[PDB]
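Order-wise, the sequence lines are chains e, b, c and d.
Under the entry's author numbering, the first residue of the first sequence carries the number 2, and numbering increases by one thereafter.
Under the entry's author numbering, the first residue of the second sequence carries the number 6, and numbering increases by one thereafter.
Under the entry's author numbering, the first residue of the third sequence carries the number 3, and numbering increases by one thereafter.
Under the entry's author numbering, residues 3 to 24, 27 to 200 are what the fourth sequence spells out, in order.
Scroll down for the structure; my scribbles are underneath it.
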Amino acid sequence: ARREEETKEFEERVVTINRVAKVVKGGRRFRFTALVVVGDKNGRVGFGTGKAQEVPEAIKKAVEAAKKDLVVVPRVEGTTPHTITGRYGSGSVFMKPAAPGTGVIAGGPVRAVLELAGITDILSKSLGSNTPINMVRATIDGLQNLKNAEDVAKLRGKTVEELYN
Amino acid sequence: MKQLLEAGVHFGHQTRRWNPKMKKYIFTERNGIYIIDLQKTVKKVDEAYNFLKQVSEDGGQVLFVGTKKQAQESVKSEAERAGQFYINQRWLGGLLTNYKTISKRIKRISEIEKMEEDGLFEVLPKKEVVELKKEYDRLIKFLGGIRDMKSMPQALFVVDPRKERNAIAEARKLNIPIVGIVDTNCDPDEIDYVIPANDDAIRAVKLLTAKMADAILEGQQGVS
Amino acid sequence: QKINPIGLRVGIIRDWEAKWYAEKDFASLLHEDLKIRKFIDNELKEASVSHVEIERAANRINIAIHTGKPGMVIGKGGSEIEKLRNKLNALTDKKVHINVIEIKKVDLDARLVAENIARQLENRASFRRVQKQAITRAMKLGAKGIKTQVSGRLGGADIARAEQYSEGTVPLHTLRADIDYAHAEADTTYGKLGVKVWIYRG
Amino acid sequence: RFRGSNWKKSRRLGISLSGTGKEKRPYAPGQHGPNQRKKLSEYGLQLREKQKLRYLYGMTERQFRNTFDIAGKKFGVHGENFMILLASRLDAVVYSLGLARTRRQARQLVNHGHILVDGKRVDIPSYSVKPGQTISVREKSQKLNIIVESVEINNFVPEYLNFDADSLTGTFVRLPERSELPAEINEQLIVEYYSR
RNA sequence: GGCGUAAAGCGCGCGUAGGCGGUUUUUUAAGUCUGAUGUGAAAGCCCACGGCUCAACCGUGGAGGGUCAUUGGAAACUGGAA
RNA sequence: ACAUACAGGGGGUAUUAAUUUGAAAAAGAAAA
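Shown next as structure tokens:
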């Protein structure tokens, strides 16, 4: 939502490429939309969707329009701090934390977000609907709405050694 | 700072459809309108007098965005009093986020003047020259008054922000702070960098935009 | 239909490709110009000549050859032009003289890149890659606009399409715009792919 | 038993599977070998890491799945523990002591009978040695030119294996921690493969 | 998981059974929590160890398994009484 | 009080008709 952001060498990843039509008098003008996430594997994933007349200009436009949408993703040793259910567009994603050494058990779009978010150790399940822009928006609506330990224990006044980790 | 007794006709509203996030800033209700509380007006003015000063010492500009009638001449006369840039007439849809294609039209006010010394007067035919004069008059009209906008401005100043919805929409989506004279139906309550005052006269715009014109002046002189 | 710009701009701003006079006989000059252009069409397979221009003054022809690769019409130091000129003296039974000039900015004229794109599409490359790299290597020299339409069985396709990657000004109706045009055929295994390069350079 | 090429099933997966000379032709086997072969999917990446771990040690995939199910019983991280269970096999240790030149010679070496653990004759390549066992070399058949050829080359015996070369009798000392197993296989796409 | 338009709100009352029920105080102990004892056979799942040259298999030991019963406590909530 | 648009039902406007069975404009990139 904010400014262009080029901190680390990011890693692109194509979630989908769809060929979308527009009916005119004559044939039809069809374009390539290309939902592409980026993310630099220490936190900071972020998606983006761009469309163009041809395919590598569409994924290049989606990379250059994806870097303004970078969420923070607070995490603990390659794992999410708690279980969530991220909701957008009836496309929700269950994200349960995990031990080390279990893989990104996630589906198609949510694995492509999560495995280059830095998170290597998670248990997902894609509830709801299997549309890729809704599942990608629901797993980043999951990951941005996520509580760290020090951020909650500086939000309320009970800091370290007050609650239980 | 400022003063409550300096505010002659510098308080009031255009009450008919006020926003109730501006329930904390009213004084009372006098003569139809909601008049606005001036203990907290002068306090947010001196908080903005700190804020426009302290952030602008490393290449720091303000953008004076006042597009409203009886609010455009205040910015038009007071921006180059301050030495900064402004937009008095027709804020563009897309001037902050859309800088990669209005860099072509921040340069083409200078391009025309790179043709006046080395051949413009009727070396072309007659249907190019007066059209390029109309392009110069429109690009000094609809652009604003900016010329030396090298980067995105790190501060911004909107004057009548209930009408300038896309002026706040590009400053919110570039995380640069706003200063707005919040009238009635301004949705900022979440940001504490607004001015709770009145924009209904020339003087009521003028005396609270002149202090933020001279506010940055005191940011140049002493630490650069 | 879209007319070609070299039809529209001979005798407006760009000169003809033959400068002589003939009134009485008139078929013994143009057809010998056609066979000498067909004989320079044999060395177009290596030499990459854009166009030759016939200057028949009174008896001998100062034919002006314009190749983008100028060092392979002449050979090592001038042998290949002389054995070529003796072959033209055999094949038109008249006198000729080869006038060569060395034309650089090779990606700004239409016939050199039209034979180059038809050469790349003979060698089963994908058409979008050579089309985008031809128009971006013609813009990184500096051009004012390049239309490049390849057409036909596109990359070994079953149905013919018309892949045009226009970029910038190709203003065919402003008549003081010297627009180079060439259509070059590409004999691929899946048929005949016509390129069409339309470069406006001011 | 694989019994096939082990060169042609090592240009497909990409890693060497013998140790160096895989080299002059690194692309792909088959008629569509050098023809600029395309991207791999998520299942293609997970299956290429699974056959990079299967065809190295040489097993069939029922033994690979039943080595994966008894690697999930143990207390650690799972893809690492699977590789400390796979290279604790008697094939990979009798290769990894340098008793054979390659792993298929170590499977022919252990299966025909020519090693012993602890003085007992084990003729299987799916024994998993516990840490602390000694591996003998069957005294009748320790004057074979296979074994005294490949012990004479020093083959970088690792830090979890002590080899006593003049007696030809090595011990399997440690469980190997995850640096000194084969380093050309991501273990994370094995455990991601067997949740698919 | 839903019920405006996708399948889905009885056409709408009066009401019996049933389900749920505002605040405080005292008390009980059926729900509830916590503990002991009996019991939930052996084989099986799981964990660990040993025997088959490893494994399958086999054996040993522990864990787990009930809306179980008897019985000792606690009283915040639901239930009973005032 | 003054302007130009959109909201819904009060009650408006029926010129005077008939349509044709079956396949071929499919559709795609990761890099140089």
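Here a beta-carbon is modelled for each residue, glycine too, at the ideal position from N, C-alpha and C.
Check your understanding: DSSP on b:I114, reduced to helix/strand/coil?
Key -> DSSP places b:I114 in helix when its eight states are reduced to three.
Practice item. Please classify c:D182: does DSSP put it in a helix, a strand, or coil? Key: The answer is strand: DSSP assigns c:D182 an E or B state.
Point to revise | Proximity test, Cβ basis, 8 Å: d:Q40 and chain e | key: No, its Cβ sits nowhere closer than 8 Å to a Cβ of chain e.
**Study point:** Between the CA atoms of e:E163 and residue 230 of chain b - distance to the nearest angstrom
**Key:** As shown, chain b starts at 6 and ends at 229. That puts residue 230 of chain b outside it, with no answer to give.
Practice item. Provide the residue(s) that pair with e:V21 in DSSP beta bridges, ordered along the chain. Key: The partner list for e:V21 (beta bridge, DSSP) reads e:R32.
Check your understanding: Taking any Cβ of chain e, which residues in the stretch 67–86 of chain d have a Cβ under 9 Å from it, in chain order?
Key -> Of all residues in the stretch 67–86 of chain d, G80, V81, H82, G83, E84, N85 have a Cβ within less than 9 Å of some Cβ in chain e.
Exercise for review: Could you pull the start and end residues of the beta strand (DSSP E) that b:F32 belongs to?
Suggested key: First-last of the beta strand (DSSP E) with b:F32: 31–35.
Exercise for review: Please list, in chain order, all residues of the same chain as b:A76 whose beta carbon is under 7 Å from its beta carbon, the five residues on each side excluded.
Suggested key: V164, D165, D204, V210, listed in sequence order.
Review point. With a cut-off of 8 Å, does the C-beta of e:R112 fall near any C-beta of chain b?
Key: Taking Cβ atoms only, chain b never reaches closer than 8 Å to e:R112, which makes this a no.
Check your understanding: Can you find a C-beta in chain d that's less than 8 Å from the C-beta of e:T86?
Key -> It does not: the Cβ of e:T86 has no partner Cβ on chain d nearer than 8 Å.
Exercise for review: Report yes or no: do the stretch 151–165 of chain b and the stretch 50–68 of chain b share at least 3 C-beta pairs separated by less than 8 Å?
Suggested key: Touching, yes, given that three or more Cβ pairs across the two stretches are closer than 8 Å.
Check your understanding: At what residues does the alpha helix (DSSP H) containing b:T214 begin and finish?
Key -> Note, b:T214: alpha helix (DSSP H), 207–218.
Review point. Out of curiosity, what's the CA-to-CA distance linking c:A49 and c:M74?
Key: Cα to Cα, the separation comes out at about 6 Å.
Check your understanding: Helix, strand or coil for b:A202 per DSSP?
Key -> b:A202 falls in the coil class under three-state DSSP.
Practice item. Out of d:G37, d:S199, d:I17, point me to the one whose CA is closest to d:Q55's CA. Key: Nearest Cα to d:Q55 within the set d:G37, d:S199, d:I17: d:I17.
Check your understanding: Counting pairs of Cβ atoms below 8 Å between the stretch 8–20 of chain c and the stretch 50–61 of chain b, do you hit three or more?
Key -> At 8 Å Cβ cutoff, the stretches do not touch.
Exercise for review: Indicate the three-state DSSP secondary structure (helix, strand or coil) for d:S18 in the structure shown.
Suggested key: Looking at d:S18 - three-state DSSP - the assignment turns out to be coil, as it is neither helix nor strand.
Practice item. Give a yes or no on whether 8 Å exceeds the smallest Cβ distance from b:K178 to chain e. Key: By this cut-off, b:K178 is an interface position.
Review point. Roughly how many angstroms lie between the CA atoms of e:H83 and e:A118, to the nearest whole one?
Key: Cα to Cα, e:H83 sits roughly 16 Å from e:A118.
Point to revise | Where the alpha helix (DSSP H) containing d:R69 begins and where it ends | key: 65–73 is the extent of the alpha helix (DSSP H) around d:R69.
Practice item. Tell me e:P98's beta-bridge partners as DSSP assigns them. Key: For e:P98, the pairing in a beta bridge is given by DSSP as e:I123.
Review point. What's the gap between the Cα of c:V115 and the Cα of c:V108?
Key: Counting only the Cα atoms, c:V108 lies some 8 Å from c:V115.
Exercise for review: Can you check DSSP and say which residues form a bridge with d:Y99?
Suggested key: DSSP output for d:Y99 lists no bridge partner at all.
Exercise for review: Taking only runs that begin and end inside the stretch 34–62 of chain d, name each unbroken alpha helix (DSSP H) of 4 or more residues, in chain order.
Suggested key: Correct list: 46–61.
**Study point:** Close Cβ partners of d:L15 (< 6 Å) along its chain, the five nearest in sequence each way excluded
**Key:** Counting only residues of its own chain and dropping the five nearest sequence neighbours on each side, d:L15 has a CB closer than 6 Å to the CB of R52, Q55, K56.
Point to revise | Cα-Cα separation, d:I150 to d:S199 | key: Between d:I150 and d:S199, the C-alpha separation is close to 42 Å.
Review point. Which first and last residues belong to the beta strand (DSSP E) in which c:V197 is found?
Key: c:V197 -> no beta strand (DSSP E), and no H or E assigned at all.
**Study point:** Interface flag, d:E184 vs chain e, CB-CB below 8 Å
**Key:** With 8 Å as the cut-off, d:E184 does not count as an interface residue toward chain e.
Review point. Residue range of the alpha helix (DSSP H) that d:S140 falls in?
Key: Element bounds for d:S140: not the alpha helix (DSSP H) but the beta strand (DSSP E), 138–140.
Point to revise | Under 9 Å (Cβ pairs) to chain d, residues found in the stretch 81–110 of chain e | key: Of all residues in the stretch 81–110 of chain e, the ones placed with a Cβ closer than 9 Å to any Cβ belonging to chain d are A100, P101, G102, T103, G104, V105, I106, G109, in chain order.
**Study point:** Proximity test, Cβ basis, 8 Å: e:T121 and chain d
**Key:** Chain d contact via Cβ: present.
Review point. When you compare each of b:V80, b:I41, b:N24, b:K146 to b:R208 by their alpha carbons, which one comes out closest?
Key: Among b:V80, b:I41, b:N24, b:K146, the Cα nearest to that of b:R208 belongs to b:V80.
Review point. Run through DSSP, which three-state label would b:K119 get?
Key: Note: b:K119 maps to helix in three-state DSSP.
Check your understanding: Where DSSP assigns a beta bridge to b:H15, which residues make up the other side?
Key -> Beta-bridge pairing by DSSP links b:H15 to no other residue.
Practice item. Give a yes or no on whether 8 Å exceeds the smallest Cβ distance from e:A63 to chain b. Key: It does not; no Cβ of chain b falls within 8 Å.
Practice item. Answer with buried or exposed for b:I196, where buried requires no fewer than 16 other C-beta atoms within 10 angstroms of its C-beta. Key: With a threshold of 16 other beta carbon atoms within 10 Å, b:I196 falls short and is exposed.
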